[PDB]
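Chemist: Just the structure for this:
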Amino acid sequence: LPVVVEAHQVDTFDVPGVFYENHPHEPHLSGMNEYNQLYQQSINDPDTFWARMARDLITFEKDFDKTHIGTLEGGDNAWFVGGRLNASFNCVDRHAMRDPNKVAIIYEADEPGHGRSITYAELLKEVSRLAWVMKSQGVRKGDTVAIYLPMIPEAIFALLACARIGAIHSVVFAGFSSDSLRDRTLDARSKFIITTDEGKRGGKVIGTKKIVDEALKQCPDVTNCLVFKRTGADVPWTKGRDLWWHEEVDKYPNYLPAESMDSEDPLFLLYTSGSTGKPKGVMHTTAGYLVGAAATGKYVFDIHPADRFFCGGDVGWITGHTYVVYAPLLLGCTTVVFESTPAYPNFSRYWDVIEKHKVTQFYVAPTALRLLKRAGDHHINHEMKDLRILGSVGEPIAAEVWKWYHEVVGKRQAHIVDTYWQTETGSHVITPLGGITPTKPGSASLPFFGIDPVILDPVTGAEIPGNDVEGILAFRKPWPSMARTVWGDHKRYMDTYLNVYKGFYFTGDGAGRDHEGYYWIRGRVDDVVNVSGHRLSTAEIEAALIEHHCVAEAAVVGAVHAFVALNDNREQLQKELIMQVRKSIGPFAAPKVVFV
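Modeler: Residues are numbered from 1 along each chain as shown. Sharing the structure here:
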């Protein structure tokens with residue numbers, strides 16, 4: 001009967017009463033009335049709203065002159081212009097100055113019972129002397145730095161050391177192949193790379209140094225490779241280029257000044273797969289990104305300084321960037337860096353970790369939840385007394401999974417927050433607010449502050465007013481943490497995001513807005529498919545399969561599949577094509593089947 005079929009007879013669930021009873025502090029908003037008052041101001045007078053929000057949450061070296069200039073169609077947006085600041089000062093120094101012994105990072109290592117806690121003062125020391133290493137090797141403000149690191153606290157040290165000298169960190173997921181690492185390092189023109197000798201994940205060894213070595217044969221601009229000794233195994237060594245992390249930091253002081261950055265200086269590049277297949281270096285600048293990260297951390301995830309925040313995503317993706325690293329440290333709470341998998345040593349591991357460290361918010365992808373639900377509820381028998389927010393990112397958390405998450409995991413005690421956003425948006429844009437917004441299973445709920453969503457007719461591009469409508473999901477106004485360009489290719493940025501429907505930002509997603517105005521995300525309308533938590537390009541898989549000798553026409557559709565048009569050993573060839581995609585992208589992009 002309704003146009004948004006997924007919302008039909010879907011009831012609204014209030015925040016559980018025990019959430020407020022057990023909450024250690026006073027909430028950030030008084031209820032939905034204040035959300036609405038603040039939301040309306042953020043849409044009608046963004047210059048006033050965001051100026052106050054920024055000065056609440058971020059410490060500027062020099063105050064900004066104007067909240068925002070530029071327009072969506074101009075592709076010239078700038079936020080907090082005239083301001084100066086440094087991201088590592090806001091993530092580290094200001095908290096170490098106030099409370100040096102507060103724990104900033106809980107490292108949970110691949111083996112249970114290892115790991116360690118790191119204070120804000122210890123973090124300031126490690127960020128400083130790592131920054132000294134890069135400065136001493138010639139890294140300068142505005143240079144990019146390639147990072148190929150697994151989930152160890154040294155990954156946070158590296159992002160924040162780059163920020164501290166005004167270098168632009170370019171994190172490459174540590175499961176990518178050498179070709180993928182090479183492509184991103186070449187496009188970023190990085191002269192310096194940081195990696196490990198090996199990674200340990202789920203009891204398995206990852207030869208990171210060997211992969212970097214292969215990639216660097218084709219990156220002649222890289223002149224220094226800083227290697228952290230994670231396992232101590234014998235790895236190949238290039239005299240005159242390779243340096244040991246522990247040997248170099250021991251040479252340098254435990255404090256370094258922070259470089260004064262413009263609000264609009266680049267902070268990082270994050271390569272994503274687009275529909276073309278060539279990686280897009282999505283570029284975020286400094287002040288607006290940090291304002292969005294802190295604002296969503298505070299109001300979406302209800303983060304207070306004493307909290308212990310655990311995001312299960314990898315630093316190689318935007319979820320790890322914004323919610324393992326920037327948001328919790330900006331706000332001065334504790335963040336969990338988790339090196340293992342949810343299944344090692346056993347399927348209880350996530351809850352083992354939450355119980356031991358008394359985690360207050362947990363943030364994961366529905367792929368992991370489905371894996372664990374199939375494993376069985378006997379793996380969950382953990383008090384987890386302090387767990388009050390349960391986040392979900394990457395796809396709509398469906399009814400069966402939402403119930404299991406709310407009942408079996410959260411014991412009907414925690415608020416489930418389904419956060420919709422993208423690498424290009426920097427931070428959450430459609431989401432319930434933790435402890436505030438009533439939710440519907442499968443819905444992302446309502447827009448965050450400063451986000452003005454519209455539903456467009458896919459063909460004519462016209463706005464579709466009112467409720468119970470469906471179509472293209474676009475935003476009508478700029479927002480502080482929006483991506484500012486695609487590295488080296490502003491025209492691709494304009495054409496991809498801003499010129500499709502002029503005057504709007506195009507998300508690439510379809511959506512319905514139900515009778516109550518709640519949003520229901522429909523998934524990509526372009527050629528980007530999301531498989532097992534990874535944003536993959538079907539064109540990139542096709543281009544990999546075509547790279548084989550016998551393959552001519554290759555087609556990939558979405559669990560992604562690949563039908564190739566070719567050969568007298570078909571059973572023996574299906575392995576050679578699978579390995580071809582393993583060399584081009586990585587293990588995590590091999591097709592589920594190779595059709596002929």
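
Chemist: Which stretches in the stretch 101-250 of the chain count as helices?
Modeler: Using DSSP state H, counting those that start in this stretch, the helices found in the stretch 101-250 of the chain span residues 120-136, 153-165, 178-188, 208-216, 245-249.

Chemist: so which of these comes closest to residue 302?
Modeler: Closest to residue 302 of the helices of the stretch 101-250 of the chain, according to Cβ to Cβ: helix 120-136, at 21.2 Å. Yep, even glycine has a C-beta here, placed from its N, CA and C like the rest.

Chemist: quick one: contacts of the closest one?
Modeler: 88, 92-93, 95-96, 99-105, 118, 145, 153-154, 156-158, 160-162, 164-165, 167, 192, 226, 243, 245, 248-249, 251-256, 332 (Cβ atoms under 8 Å, 6 or more residues apart in numbering).

Chemist: Show me which of the residues you listed are buried.
Modeler: By neighbour count, with 16 or more other Cβ atoms under 10 Å, those hold 88, 92-93, 95-96, 102-105, 118, 145, 153-154, 156-158, 160-162, 164-165, 167, 192, 226, 243, 245, 248-249, 252, 256, 332 as buried.

Chemist: and the helices of the stretch 101-250 of the chain as CSV, adding distance to residue 19?
Modeler: As requested, these are exported to CSV (distance: least, Cβ to Cβ, whole Å):
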stretch, distance to residue 19
helix 120-136, 28
helix 153-165, 30
helix 178-188, 42
helix 208-216, 41
helix 245-249, 43
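
Chemist: now for those helices, which one comes closest to residue 511?
Modeler: Evaluated over the helices of the stretch 101-250 of the chain, closeness to residue 511 peaks at helix 178-188, with 30.3 Å, by Cβ to Cβ.

Chemist: Hey, what's the angle from the closest one to helix 208-216? Just curious.
Modeler: 60 degrees (axes from the mean of the first three to the mean of the last three Cα atoms, to 10 degrees).

Chemist: Show me which positions of helix 178-188 end up buried.
Modeler: The neighbour-count check on helix 178-188 (16+ other Cβ under 10 Å) flags 178-188 as buried.

Chemist: between those, which is closest to residue 222?
Modeler: Closest approach between those and residue 222, by Cβ to Cβ: residue 185, at 6.8 Å.

Chemist: mind listing what the closest one touches?
Modeler: Applying Cβ under 8 Å, 6+ apart to residue 185 gives the contacts 146, 170, 172, 193, 215-216, 219, 222.

Chemist: if we can go back for a sec, out of the helices of the stretch 101-250 of the chain, nearest to residue 459?
Modeler: Closest of the helices of the stretch 101-250 of the chain to residue 459 is helix 178-188, at 33.9 Å (criterion: Cβ to Cβ).

Chemist: Confirm for me that residue 305 is in contact with residue 328.
Modeler: No - the pair residue 305 / residue 328 is not scored as a contact, 9.9 Å apart, by Cβ atoms under 8 Å.

Chemist: Between the two, tell me which one has more neighbours.
Modeler: Between residue 305 and residue 328, counted using other Cβ atoms under 10 Å, the more crowded position is residue 328 (29 against 14).

Chemist: and the longest strand for the protein?
Modeler: Ranked by number of residues, the top strand in the chain under DSSP state E is strand 505-513.

Chemist: now the helix or strand following that strand against strand 505-513, angle please.
Modeler: With elements assigned by DSSP states H and E, the helix or strand that comes after strand 505-513 is strand 519-524. For strand 519-524 against strand 505-513, the angle by the same axes, to 10 degrees is 120 degrees.

Chemist: Tell me the buried residues in strand 519-524?
Modeler: Residues of strand 519-524 classed as buried: 519-522, 524 (neighbour count, 16+ other Cβ under 10 Å).

Chemist: Closest to residue 370 out of those?
Modeler: Of all those, residue 370 sits closest to residue 521, with 17.4 Å by Cβ to Cβ.

Chemist: Off-centre distance for stretch 220-227?
Modeler: The chain centroid and the centroid of stretch 220-227 are separated by 26 Å, computed with Cα atoms, centre = their mean, to the nearest Å.

Chemist: How about residues contacting that stretch?
Modeler: For stretch 220-227, using Cβ under 8 Å, 6+ apart, the contacting residues are 133-134, 137-138, 146, 185-186, 189-197, 209, 212, 216, 235, 238, 241-245, 248.
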